[PDB]
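In what follows, a structure is listed as structure tokens, so that the remarks can point back to it.
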Amino acid sequence: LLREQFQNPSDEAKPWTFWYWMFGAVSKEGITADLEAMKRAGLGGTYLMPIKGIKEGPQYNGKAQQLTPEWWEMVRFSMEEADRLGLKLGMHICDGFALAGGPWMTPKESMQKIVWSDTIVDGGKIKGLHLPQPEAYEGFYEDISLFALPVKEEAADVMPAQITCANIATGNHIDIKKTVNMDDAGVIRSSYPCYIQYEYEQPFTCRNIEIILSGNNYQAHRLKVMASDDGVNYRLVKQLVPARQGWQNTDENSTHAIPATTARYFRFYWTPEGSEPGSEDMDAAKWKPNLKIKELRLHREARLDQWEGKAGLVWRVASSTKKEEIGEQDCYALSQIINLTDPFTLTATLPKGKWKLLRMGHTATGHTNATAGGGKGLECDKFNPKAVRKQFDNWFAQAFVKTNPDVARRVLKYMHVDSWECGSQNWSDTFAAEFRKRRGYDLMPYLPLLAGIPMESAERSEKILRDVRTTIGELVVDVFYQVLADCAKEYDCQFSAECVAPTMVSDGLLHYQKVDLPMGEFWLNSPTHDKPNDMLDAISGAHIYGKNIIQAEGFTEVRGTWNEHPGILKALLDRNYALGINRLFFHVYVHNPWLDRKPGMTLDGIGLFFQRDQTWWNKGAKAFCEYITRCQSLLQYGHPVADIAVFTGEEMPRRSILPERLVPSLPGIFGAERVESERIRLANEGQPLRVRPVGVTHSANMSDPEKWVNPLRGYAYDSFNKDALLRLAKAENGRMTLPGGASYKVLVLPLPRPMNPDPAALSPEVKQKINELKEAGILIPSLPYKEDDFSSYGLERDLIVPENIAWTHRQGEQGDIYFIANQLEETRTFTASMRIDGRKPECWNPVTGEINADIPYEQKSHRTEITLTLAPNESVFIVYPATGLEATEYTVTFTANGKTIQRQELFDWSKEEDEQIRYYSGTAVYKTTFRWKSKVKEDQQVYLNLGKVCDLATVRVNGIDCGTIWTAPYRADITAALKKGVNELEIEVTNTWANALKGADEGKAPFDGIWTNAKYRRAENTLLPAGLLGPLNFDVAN
Ligand SMILES: C[C@H]1[C@H](O)[C@@H](O)[C@@H](O)c2nnnn21
Ligand SMILES: [Ca+2]
Ligand SMILES: [Ca+2]
Ligand SMILES: [Ca+2]
């Protein structure tokens, strides 16, 4: 019975929280208080992750520094308390929130990259020549190969040049100080159209431009390169193209190839016009459209376009290099290169002429788990099974040894890996052998490709580099993930994992096959830091690899301002349920070690502030968690339904596809109005800015996941990869099926897109599997698909609802479930039509738990239609089996500071003269009486409507609890509690911390004990409305 699960949910259905210990400031008192608070809210467990240590926050006097006996004692006490209370625990595989580092790791055991040095020497009899040492992270380096290259031309790779600049932005409403300029350090800055000019003594032949930045700068990659011989007639060379890039893009410079150009003068023209708005695969374009360049280096030696990325040193995608840029003349044949490893100071004999001595080897990338404290150190080598095992043994395994082994064996059931923040890597000591087994040929002779030196042809080079990247991503799965999965089963743990993309070269779906619990992430009020693409990686991964529980780190808030409460979290949560998550993890519960300070310790103001010292914790968090649990009991039932699978291609890196990127492929499915708004948005005219949250200025045409509810207008889709196609896909009854229950009718092979611009050719195997699926009846539409839907092919929309209604559909042996959620902040009445023929629908309310088994419905064209009224932000589940107030005076007690006042009229606290009410945050108890004339009749239902509630209210009538009201409709069923005559009305109203913190900031604190390390505040500088504002009314229905 689904009803037993909805009314009595199982433990799997409960939401969890991340629990962050800050700066080693931890106490047993606070531990007990936190774990009891979590139990009281109805949480299932917590992930215990310490962040930073004493050194990073000396002011807090921490005594529980990571890995000290005192810290381990606190971990033990937490396990003991979680055992007592019936909570489960997880921990991360390292200290801090990312990723797999620790002080036990040496440079040799860390993430490795290919490095090199060179010198030009005359050939002949070389004896005892000392070659320059390549990059050696903390002295660690190891040679791999030494190559001898014949010199192409004989001139310097770079020459000196006189650098000038000029503003050209005319249309004079301009701030003259923000026009182009070069500072003392040679750094170039501009906000306005301009050019930077380089004048050489003699004509210089340039084939590429290395752009060197100080942090990220989208606009630096948008320069238009021009050249001249005579200083006035300038010819176009190339409009540069930004590579796709994530947020961790500063480990390498960027090389832009150009057609070989010989000139005395080069100009780089810039304008902000034509900028793409920001996204997760052009992270730098989220920021202000200002130009900032540390150095442009113009080079002579041929290099592949955007080679740093193509070599796998950083996560990047760009087009193959054109033949106009790298012709066969520009590439070295294998027979031209002499391999001098064996001789290697160097003593050997080369032919005559001049030779380049490319000394190649490997060193650490230098990445650490930087948010750790006592457990901080180098990131483990991600391709080395032993280093990965070692990392497991030294942190996570130790929680079963250093605490209390029998208690740890019962409560510590979850091992987590968060989202990658340790860059990329492209070598390890097993990498040549792995490449050979997997790709079927030897990489070693082609090692100079990893320096972007072209060999044989531009195409052969880039085909090989793609293979390197493919191997890289395969090894993240087959080593790092495989090893941790084995370790997890060995310790009887479930394995949760977040995204690898867009920081480590990877197929972003691929690793989810190895984990029990794929985990996405969604942010609150943080468009610059939100990760909708991560969400779709985790969901798509779970769906294609058959993982039924999909966790999500939810409500992460880049700057929390203390005005947040469950009411304004609901719509955000509901649209992520619509995407397919079904176990929320709250981000974040911060341990507050002091019982006398509130709201206390935070992650330096990064929200959501989800913890015991919230004004609304005791009643608000519990009510919300009840909603969540009921929602999740049903959203974990059976299998998700999606009719459309979309192939993610054969470029590397790769990941799930965002809805926006499919609009030119399926313009019909999205509709003409979506096509039109995308063209306006992407044209990004004037590069408009928005500030959200306070102090975060960014591109206003950023794709906003709130504007992409139900984007395929009644269908759902998963991204789907080569591995799933080749290893798992089956045709059954006209649909493509996978183990775990995915069944798709349609397979979209998208048009070339930003993340797959070539696009990479389909391998013969893929072509062969696609053809088998065409023949077994699977729709593989011709693109662009221009019809409104797939009903011409007998595939109707699953749910027809109006815009701004989020939904999902699950199906199992006991029937069908549609989750339907209003995203607008208004009451709406609308028809929902479901693809269900001849079964009786019911309406199950996840806020109250009420089940209405007898709703009206029509049956038309073999669908079922229902009329729904949804209050602001209201959600429902559709399940298919297989008169004013006349009150006496109010007594209002403000419990935090004991004030009590009498009032006839309801009032906004923030408008009172008394500063202890004006600035009050917390709970106030309202007490009054009312007359009810008649006895409550049969079939008759009575609601106390609260009107406007700031922000949360618990209703007691004649001492009977009639519920905690936190979202619309703001009303309480008082039917069972009503008596004839005089009724007693008690209402507890709770607001948010914002007003009290504003009071405390200004010396007008409404009570003592107010402190937090969270410093961010709303820009508005206003007191929020607060209280039972009403008006109060009764509603008598049937
Ligand atoms: C706030 C932390 C958060 O706690 C972590 O999940 C980490 O993945 C991250 N990425 N950006 N910001 N964070
Ligand atoms: Ca994360
Ligand atoms: Ca493709
Ligand atoms: Ca794309």
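Ligands are numbered from 1 in the order shown, chains are lettered A, B, ... in the order of the structure tokens, and residues start at 1 in each chain.
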
Hey, which residues sit close to ligand 2? Say within 8 Å, counting only C-alpha atoms and all ligand atoms, and write them as number ranges by chain. A: 97, 418-419, 498-499, 520-521, 553

Give me, as number ranges by chain, the set of residues whose atoms come within 6 Å of any atom of ligand 4, counting only C-alpha atoms and all ligand atoms. A: 661, 753-755

For residue 683 (chain A), work out the shell of residues within 12 Å, counting only C-alpha atoms and skipping chain neighbours fewer than 5 positions away, then give it as an NGL selection string. :A and (272-277 or 676-678 or 688 or 701-702)

Produce as a PyMOL selection string the set of residues near ligand 3, where near means within 12 Å with only C-alpha atoms and all ligand atoms considered. chain A and resi 646-652+654+657+662+665+719-722+747-763+766-767+770+783

Write the residues of the selection above to a file with N, CA, C and O atoms, as a CSV table (one decimal), in the first residue's frame.
```
chain,number,residue,atom,x,y,z
A,646,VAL,N,18.7,11.7,-24.8
A,646,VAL,CA,19.5,12.6,-25.6
A,646,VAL,C,20.9,12.2,-25.5
A,646,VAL,O,21.5,12.2,-24.4
A,647,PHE,N,21.6,11.8,-26.6
A,647,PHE,CA,22.9,11.3,-26.6
A,647,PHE,C,23.9,12.5,-26.4
A,647,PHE,O,23.7,13.6,-26.9
A,648,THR,N,24.9,12.2,-25.5
A,648,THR,CA,25.9,13.3,-25.1
A,648,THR,C,27.2,13.2,-25.9
A,648,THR,O,28.1,14.0,-25.7
A,649,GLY,N,27.3,12.3,-26.9
A,649,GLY,CA,28.3,12.5,-27.9
A,649,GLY,C,29.6,11.8,-27.6
A,649,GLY,O,29.7,11.0,-26.6
A,650,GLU,N,30.6,12.1,-28.4
A,650,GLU,CA,32.0,11.5,-28.2
A,650,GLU,C,33.1,12.5,-28.1
A,650,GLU,O,34.3,12.2,-28.1
A,651,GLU,N,32.8,13.8,-27.8
A,651,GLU,CA,33.9,14.7,-27.4
A,651,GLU,C,34.3,14.5,-25.9
A,651,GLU,O,33.5,13.8,-25.2
A,652,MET,N,35.5,14.9,-25.6
A,652,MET,CA,36.0,14.9,-24.2
A,652,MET,C,36.6,16.2,-23.8
A,652,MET,O,37.4,16.8,-24.6
A,654,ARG,N,32.9,15.6,-21.5
A,654,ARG,CA,31.5,15.7,-21.8
A,654,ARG,C,30.7,15.5,-20.6
A,654,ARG,O,31.2,15.0,-19.6
A,657,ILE,N,23.4,17.2,-20.9
A,657,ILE,CA,23.0,18.4,-21.7
A,657,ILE,C,21.9,19.2,-21.0
A,657,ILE,O,20.9,18.6,-20.6
A,662,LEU,N,19.6,22.2,-26.1
A,662,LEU,CA,18.7,21.5,-27.0
A,662,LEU,C,17.7,22.3,-27.8
A,662,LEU,O,17.1,21.7,-28.7
A,665,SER,N,18.0,22.1,-31.6
A,665,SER,CA,17.7,20.7,-32.1
A,665,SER,C,16.2,20.4,-32.0
A,665,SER,O,15.7,19.7,-33.0
A,719,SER,N,19.8,12.7,-20.2
A,719,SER,CA,21.0,12.6,-21.0
A,719,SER,C,21.5,11.2,-20.9
A,719,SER,O,21.3,10.5,-19.9
A,720,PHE,N,22.2,10.8,-21.9
A,720,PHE,CA,22.5,9.4,-22.1
A,720,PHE,C,23.8,9.2,-22.9
A,720,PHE,O,24.0,9.9,-24.0
A,721,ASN,N,24.8,8.5,-22.4
A,721,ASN,CA,26.2,8.4,-22.9
A,721,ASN,C,26.5,7.1,-23.6
A,721,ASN,O,25.8,6.1,-23.6
A,722,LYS,N,27.7,7.2,-24.3
A,722,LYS,CA,28.2,6.1,-25.1
A,722,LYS,C,28.3,4.8,-24.3
A,722,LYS,O,27.9,3.7,-24.8
A,747,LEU,N,15.2,8.9,-29.2
A,747,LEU,CA,16.6,9.1,-29.0
A,747,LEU,C,17.0,10.3,-29.8
A,747,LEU,O,16.9,10.2,-31.1
A,748,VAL,N,17.4,11.3,-29.2
A,748,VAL,CA,17.9,12.5,-29.9
A,748,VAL,C,19.4,12.4,-30.0
A,748,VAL,O,20.1,12.3,-29.0
A,749,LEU,N,19.8,12.6,-31.3
A,749,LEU,CA,21.2,12.8,-31.6
A,749,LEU,C,21.5,14.2,-31.9
A,749,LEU,O,21.4,14.6,-33.0
A,750,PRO,N,21.8,15.1,-30.9
A,750,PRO,CA,21.8,16.5,-31.1
A,750,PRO,C,22.7,17.1,-32.2
A,750,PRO,O,23.7,16.5,-32.6
A,751,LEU,N,22.2,18.2,-32.8
A,751,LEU,CA,23.0,19.0,-33.7
A,751,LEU,C,24.3,19.5,-32.9
A,751,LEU,O,24.4,19.5,-31.7
A,752,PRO,N,25.4,19.9,-33.7
A,752,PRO,CA,26.6,20.4,-33.1
A,752,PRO,C,26.3,21.5,-32.1
A,752,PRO,O,25.4,22.4,-32.4
A,753,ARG,N,27.0,21.6,-31.0
A,753,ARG,CA,26.6,22.4,-29.9
A,753,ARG,C,27.9,23.0,-29.3
A,753,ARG,O,29.0,22.5,-29.6
A,754,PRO,N,27.8,24.0,-28.4
A,754,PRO,CA,29.0,24.5,-27.8
A,754,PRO,C,30.0,23.5,-27.2
A,754,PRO,O,31.2,23.6,-27.4
A,755,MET,N,29.5,22.5,-26.5
A,755,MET,CA,30.3,21.5,-25.9
A,755,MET,C,30.7,20.3,-26.8
A,755,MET,O,31.5,19.5,-26.5
A,756,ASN,N,30.2,20.3,-28.0
A,756,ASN,CA,30.6,19.4,-29.1
A,756,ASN,C,30.5,20.1,-30.4
A,756,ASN,O,29.6,19.8,-31.2
A,757,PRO,N,31.4,21.0,-30.6
A,757,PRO,CA,31.4,21.9,-31.8
A,757,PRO,C,31.8,21.3,-33.1
A,757,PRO,O,31.4,21.8,-34.2
A,758,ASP,N,32.6,20.2,-33.2
A,758,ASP,CA,33.1,19.7,-34.4
A,758,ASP,C,32.0,19.1,-35.3
A,758,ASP,O,31.9,19.6,-36.5
A,759,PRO,N,31.1,18.2,-34.9
A,759,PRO,CA,31.2,17.4,-33.6
A,759,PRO,C,32.1,16.2,-33.8
A,759,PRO,O,32.4,15.8,-34.9
A,760,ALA,N,32.5,15.5,-32.7
A,760,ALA,CA,33.3,14.4,-32.8
A,760,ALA,C,32.5,13.3,-33.6
A,760,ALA,O,31.3,13.1,-33.4
A,761,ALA,N,33.2,12.6,-34.6
A,761,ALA,CA,32.6,11.6,-35.4
A,761,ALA,C,32.1,10.5,-34.5
A,761,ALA,O,32.7,10.2,-33.4
A,762,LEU,N,30.9,9.9,-34.9
A,762,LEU,CA,30.4,8.7,-34.3
A,762,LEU,C,31.3,7.5,-34.6
A,762,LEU,O,31.6,7.3,-35.8
A,763,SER,N,31.7,6.8,-33.6
A,763,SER,CA,32.5,5.6,-33.9
A,763,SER,C,31.7,4.6,-34.5
A,763,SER,O,30.4,4.6,-34.5
A,766,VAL,N,29.0,2.8,-32.3
A,766,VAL,CA,27.8,3.7,-32.0
A,766,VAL,C,26.9,3.7,-33.1
A,766,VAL,O,25.7,3.4,-33.0
A,767,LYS,N,27.4,4.0,-34.3
A,767,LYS,CA,26.6,4.0,-35.6
A,767,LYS,C,25.8,2.6,-35.6
A,767,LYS,O,24.6,2.6,-35.9
A,770,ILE,N,23.1,2.5,-32.9
A,770,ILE,CA,22.0,3.4,-33.3
A,770,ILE,C,21.1,2.8,-34.4
A,770,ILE,O,19.9,2.8,-34.3
A,783,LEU,N,16.6,16.4,-37.4
A,783,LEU,CA,16.7,17.6,-36.7
A,783,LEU,C,17.0,18.7,-37.7
A,783,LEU,O,17.7,18.5,-38.7
```

Fewer than 5 positions away in the same chain doesn't count, so skip those; otherwise give me all residues within 8 Å of region 619-636 of chain A, counting only C-alpha atoms, as an NGL selection string. :A and (2 or 5-7 or 9-10 or 12-15 or 40-43 or 548-549 or 565-566 or 577 or 582-584 or 810 or 817 or 846-849 or 952 or 954 or 964 or 966)

Step one, run DSSP on the backbone; step two, keep only residues of region 141-247 of chain A assigned to helix (DSSP H, G or I); then write them as a list in words.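 DSSP-assigned helix (DSSP H, G or I) residues in region 141-247 of chain A: residues 176, 177, 178, 218, 219, 220, 221 and 222 of chain A.
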
Nearby residues, ligand 1, 8 Å, only C-alpha atoms and all ligand atoms, as number ranges by chain: A: 97-98, 418-421, 521, 529, 553, 556-558, 587-588, 603, 606-607

Could you tell me how far CA of residue 923 (chain A) lies from CA of residue 563 (chain A), in Å and to one decimal?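 Taking CA of residue 923 (chain A) and CA of residue 563 (chain A), their separation equals 14.8 Å.
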